[PDB]
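Contents: one structure, followed by commentary.
Values in this text are rule-based calculations from the coordinates and carry no lab data. Note that each Cβ is placed from the backbone with ideal geometry, even for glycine, and that neighbours are counted across all protein chains shown.
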Amino acid sequence: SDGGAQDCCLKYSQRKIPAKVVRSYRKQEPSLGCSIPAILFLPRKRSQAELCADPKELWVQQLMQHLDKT
């Protein structure tokens, strides 16, 4: 949105983005923002911004474990 991202989760996973091509994720504060946390995908590529994904998906949940590992 013009000004930033006010609404929780800017985009949803229309494509499947593996933890191989992303380095880390970004957590969405679920207390002040929205009751459900969000997983932001920060890819190795920087052509796009942080893409939010639905973390209830198994693959996103799996990525969390790889991506948290630095």
Next on the checklist: For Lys20, give me every one of the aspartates and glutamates with a C-alpha distance below 12 angstrom, ignoring sequence neighbours fewer than eight places off in its own chain.
Outcome noted: none
Checklist outcome for this item: If every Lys and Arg gets +1 and every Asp and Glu gets -1 at its Cβ, then about the Cα centre region 30-70 yields a dipole, in debye to the nearest 20, of 220 debye
Checklist entry - About the Cα centre of the chain, what is the dipole size in debye to 20, counting +1 per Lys and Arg Cβ and -1 per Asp and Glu Cβ, all else neutral? => result 500 debye
Next on the checklist: Check which residues have an amide H placed less than 5 Å from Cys52's amide H, if you skip close sequence neighbours.
Outcome noted: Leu10, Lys11, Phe41
Checklist entry - Under a GNM of the chain (C-alpha, springs under 10 Å), which listed residue has the highest mean-square fluctuation: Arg15, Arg23, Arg44? => result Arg15
Next on the checklist: Using a Gaussian network model on the chain with a 10 Å cutoff between Cα atoms, which of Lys27, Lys56, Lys45 fluctuates the most?
Outcome noted: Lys45
Checklist entry - Using alpha-carbon pairs under 8 Å, 6+ residues apart, how would you state the relative contact order of the chain in percent? => result 33 percent
